[PDB]
file query_0.txt (compact mmCIF, C-alpha atoms and all ligand atoms)
# COMPACT_ATOMS: atom_id res chain seq x y z
CA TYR A 1316 21.15 -17.21 19.28
CA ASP A 1317 21.54 -13.44 18.69
CA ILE A 1318 18.27 -11.86 19.90
CA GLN A 1319 19.04 -8.56 18.06
CA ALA A 1320 20.11 -9.98 14.67
CA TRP A 1321 16.66 -9.65 13.13
CA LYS A 1322 16.95 -5.87 12.83
CA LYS A 1323 19.84 -5.77 10.36
CA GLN A 1324 18.36 -8.80 8.54
CA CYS A 1325 15.12 -6.80 8.11
CA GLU A 1326 17.04 -3.71 6.96
CA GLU A 1327 18.80 -5.80 4.28
CA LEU A 1328 15.49 -7.41 3.21
CA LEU A 1329 13.87 -3.93 2.91
CA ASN A 1330 16.87 -2.86 0.74
CA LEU A 1331 16.19 -5.86 -1.57
CA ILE A 1332 12.49 -4.94 -1.67
CA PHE A 1333 13.28 -1.33 -2.62
CA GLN A 1334 15.53 -2.68 -5.50
CA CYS A 1335 12.60 -4.78 -6.82
CA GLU A 1336 10.59 -3.03 -9.56
CA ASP A 1337 7.49 -4.77 -8.11
CA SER A 1338 7.71 -2.60 -4.95
CA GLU A 1339 7.30 0.76 -6.72
CA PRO A 1340 3.50 1.13 -5.99
CA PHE A 1341 4.19 0.31 -2.31
CA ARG A 1342 7.26 2.45 -1.55
CA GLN A 1343 5.41 5.51 -0.30
CA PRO A 1344 2.02 6.23 1.31
CA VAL A 1345 -0.82 5.86 -1.22
CA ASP A 1346 -1.88 8.86 -3.31
CA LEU A 1347 -5.29 9.95 -2.04
CA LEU A 1348 -5.72 12.35 -5.02
CA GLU A 1349 -5.38 9.47 -7.52
CA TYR A 1350 -7.56 7.09 -5.43
CA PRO A 1351 -9.94 9.49 -3.51
CA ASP A 1352 -12.02 6.62 -2.11
CA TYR A 1353 -8.96 4.82 -0.65
CA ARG A 1354 -9.79 5.51 3.02
CA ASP A 1355 -13.43 4.35 2.42
CA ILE A 1356 -12.06 0.81 1.75
CA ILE A 1357 -8.75 0.76 3.66
CA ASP A 1358 -8.70 1.49 7.39
CA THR A 1359 -4.97 1.35 7.93
CA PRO A 1360 -2.70 2.46 5.09
CA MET A 1361 0.82 0.99 5.10
CA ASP A 1362 3.86 1.30 2.83
CA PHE A 1363 7.55 0.26 2.84
CA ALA A 1364 8.95 3.72 3.70
CA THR A 1365 6.76 3.72 6.86
CA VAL A 1366 7.98 0.21 7.73
CA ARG A 1367 11.64 1.24 7.18
CA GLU A 1368 11.20 4.42 9.22
CA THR A 1369 9.47 2.55 12.07
CA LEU A 1370 12.39 0.04 12.10
CA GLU A 1371 15.00 2.79 12.03
CA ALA A 1372 13.27 4.73 14.82
CA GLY A 1373 13.58 1.65 17.07
CA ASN A 1374 9.78 1.32 17.13
CA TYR A 1375 9.54 -2.41 16.33
CA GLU A 1376 10.24 -4.73 19.28
CA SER A 1377 10.36 -7.91 17.16
CA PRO A 1378 10.39 -9.03 13.51
CA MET A 1379 6.83 -10.38 14.01
CA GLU A 1380 5.62 -6.76 14.37
CA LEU A 1381 7.50 -5.72 11.17
CA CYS A 1382 6.02 -8.77 9.39
CA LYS A 1383 2.47 -7.75 10.47
CA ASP A 1384 2.97 -4.28 8.90
CA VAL A 1385 4.43 -5.69 5.65
CA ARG A 1386 1.52 -8.17 5.41
CA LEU A 1387 -0.88 -5.20 5.84
CA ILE A 1388 0.64 -3.60 2.67
CA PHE A 1389 -0.31 -6.75 0.77
CA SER A 1390 -3.77 -7.22 2.32
CA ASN A 1391 -4.55 -3.54 1.57
CA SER A 1392 -3.59 -4.13 -2.07
CA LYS A 1393 -5.84 -7.25 -2.17
CA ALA A 1394 -8.73 -5.34 -0.60
CA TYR A 1395 -8.40 -2.32 -2.93
CA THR A 1396 -7.87 -4.15 -6.22
CA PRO A 1397 -10.91 -4.03 -8.55
CA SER A 1398 -9.77 -7.38 -10.03
CA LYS A 1399 -7.49 -10.33 -9.16
CA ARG A 1400 -5.81 -9.78 -12.56
CA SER A 1401 -4.90 -6.07 -12.02
CA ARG A 1402 -1.35 -4.87 -12.61
CA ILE A 1403 -0.68 -3.46 -9.12
CA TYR A 1404 -2.30 -6.46 -7.36
CA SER A 1405 -0.18 -8.88 -9.49
CA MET A 1406 2.96 -6.96 -8.43
CA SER A 1407 1.92 -7.26 -4.76
CA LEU A 1408 1.47 -11.05 -5.10
CA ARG A 1409 4.98 -11.51 -6.46
CA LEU A 1410 6.48 -9.18 -3.88
CA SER A 1411 4.58 -11.00 -1.09
CA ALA A 1412 6.03 -14.37 -2.23
CA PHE A 1413 9.52 -12.85 -2.26
CA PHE A 1414 9.01 -11.32 1.21
CA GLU A 1415 7.61 -14.55 2.74
CA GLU A 1416 10.49 -16.58 1.29
CA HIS A 1417 13.05 -14.30 2.97
CA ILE A 1418 11.30 -13.45 6.29
CA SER A 1419 10.80 -17.09 7.29
CA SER A 1420 14.41 -17.61 8.49
CA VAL A 1421 14.42 -14.20 10.22
CA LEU A 1422 11.37 -15.18 12.29
CA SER A 1423 12.66 -18.69 12.97
CA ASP A 1424 16.08 -17.44 14.13
CA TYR A 1425 14.55 -14.77 16.35
CA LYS A 1426 12.09 -17.17 17.99
CA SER A 1427 14.86 -19.77 18.50
CA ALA A 1428 17.14 -17.07 20.09
CA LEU A 1429 14.36 -16.04 22.48
CA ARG A 1430 13.72 -19.67 23.47
CA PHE A 1431 17.47 -20.12 24.14
CA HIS A 1432 17.51 -16.95 26.23
CA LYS A 1433 14.65 -18.33 28.42
CA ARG A 1434 15.97 -21.94 28.56
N1 LIG A 1501 0.81 4.06 -4.63
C1 LIG A 1501 -0.57 4.20 -4.58
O1 LIG A 1501 -1.09 5.31 -4.71
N2 LIG A 1501 -1.36 2.98 -4.41
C2 LIG A 1501 -2.76 3.11 -3.92
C3 LIG A 1501 -3.62 1.96 -4.47
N3 LIG A 1501 -2.98 0.59 -4.38
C4 LIG A 1501 -3.61 -0.41 -5.21
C5 LIG A 1501 -3.57 -1.77 -4.87
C6 LIG A 1501 -4.07 -2.73 -5.73
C7 LIG A 1501 -4.60 -2.31 -6.97
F1 LIG A 1501 -4.93 -3.23 -7.86
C8 LIG A 1501 -4.71 -0.96 -7.32
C9 LIG A 1501 -4.21 0.00 -6.44
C10 LIG A 1501 -1.48 0.50 -4.42
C11 LIG A 1501 -0.70 1.73 -3.95

call {"tool": "encode", "arguments": {"input": "query_0.txt", "output": "structure tokens"}}
result
Amino acid sequence: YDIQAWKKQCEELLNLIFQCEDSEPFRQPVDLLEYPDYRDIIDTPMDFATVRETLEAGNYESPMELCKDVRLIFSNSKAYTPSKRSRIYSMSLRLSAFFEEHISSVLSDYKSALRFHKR
């Protein structure tokens, strides 16, 4: 019932994500010189270094907020891909499945801890 445990669990999950070769296109803010029309399609860019930095700054109040930003990395990739078979989009699909598999217990434990706190 540890209400704060999610933070270190998210730090460790981000470490696993950075070790994954599939995260390489998503580790840093997108390259506007390589994709000059990116901001025409994507309103809110997001990347894993920004998520990690926001976590480390103490600027997430809950793992649900972190999860919303990570899911935005994947929906941006889906919105920008010219094809559902593209290399970078295929990497985002695998990485999304890995992330969802690991974040589920983090969210469940946090929500359970908050319910216990307010019992
Ligand atoms: N690191 C970068 O400069 N990019 C910007 C474009 N983005 C993307 C997503 C799907 C796709 F199929 C093609 C490109 C991923 C991250």

call {"tool": "residues_around", "arguments": {"input": "query_0.txt", "residues": "segment 1386-1392 of chain A", "least_positions_apart": "2", "cutoff": "7 Å", "atoms": "all atoms listed in the file", "output": "ChimeraX atom specification"}}
result
/A:1357,1361-1362,1382-1384,1394-1396,1404,1407,1411

call {"tool": "closest_residue", "arguments": {"input": "query_0.txt", "among": "A:1370, A:1410, A:1318, A:1347", "to": "residue 1331 of chain A", "atoms": "only C-alpha atoms"}}
result
A:1410

call {"tool": "atom_distance", "arguments": {"input": "query_0.txt", "atom1": "atom CA of residue 1375 of chain A", "atom2": "atom CA of residue 1325 of chain A"}}
result
10.9 Å

call {"tool": "residues_near_ligand", "arguments": {"input": "query_0.txt", "ligand": "ligand LIG 1501 (chain A)", "cutoff": "8 Å", "atoms": "all atoms listed in the file", "output": "list in words"}}
result
residues 1339, 1340, 1341, 1342, 1343, 1344, 1345, 1346, 1347, 1349, 1350, 1353, 1391, 1392, 1393, 1394, 1395, 1396, 1397, 1398, 1399, 1401, 1402, 1403, 1404, 1405 and 1407 of chain A

call {"tool": "closest_residue", "arguments": {"input": "query_0.txt", "among": "A:1415, A:1337, A:1371, A:1358", "to": "residue 1322 of chain A", "atoms": "all atoms listed in the file"}}
result
A:1371

call {"tool": "atom_distance", "arguments": {"input": "query_0.txt", "atom1": "atom CA of residue 1423 of chain A", "atom2": "atom CA of residue 1374 of chain A"}}
result
20.6 Å

call {"tool": "atom_distance", "arguments": {"input": "query_0.txt", "atom1": "atom CA of residue 1359 of chain A", "atom2": "atom CA of residue 1332 of chain A"}}
result
20.9 Å

call {"tool": "closest_residue", "arguments": {"input": "query_0.txt", "among": "A:1424, A:1326, A:1380, A:1352", "to": "residue 1368 of chain A", "atoms": "all atoms listed in the file"}}
result
A:1326

call {"tool": "residues_around", "arguments": {"input": "query_0.txt", "residues": "residue 1425 of chain A", "least_positions_apart": "2", "cutoff": "10 Å", "atoms": "only C-alpha atoms", "output": "VMD selection string"}}
result
chain A and resid 1316 to 1322 1377 to 1379 1420 to 1423 1427 to 1431

call {"tool": "closest_residue", "arguments": {"input": "query_0.txt", "among": "A:1418, A:1333, A:1381, A:1323", "to": "residue 1369 of chain A", "atoms": "all atoms listed in the file"}}
result
A:1381

call {"tool": "closest_residue", "arguments": {"input": "query_0.txt", "among": "A:1328, A:1385, A:1366, A:1335", "to": "residue 1409 of chain A", "atoms": "all atoms listed in the file"}}
result
A:1335
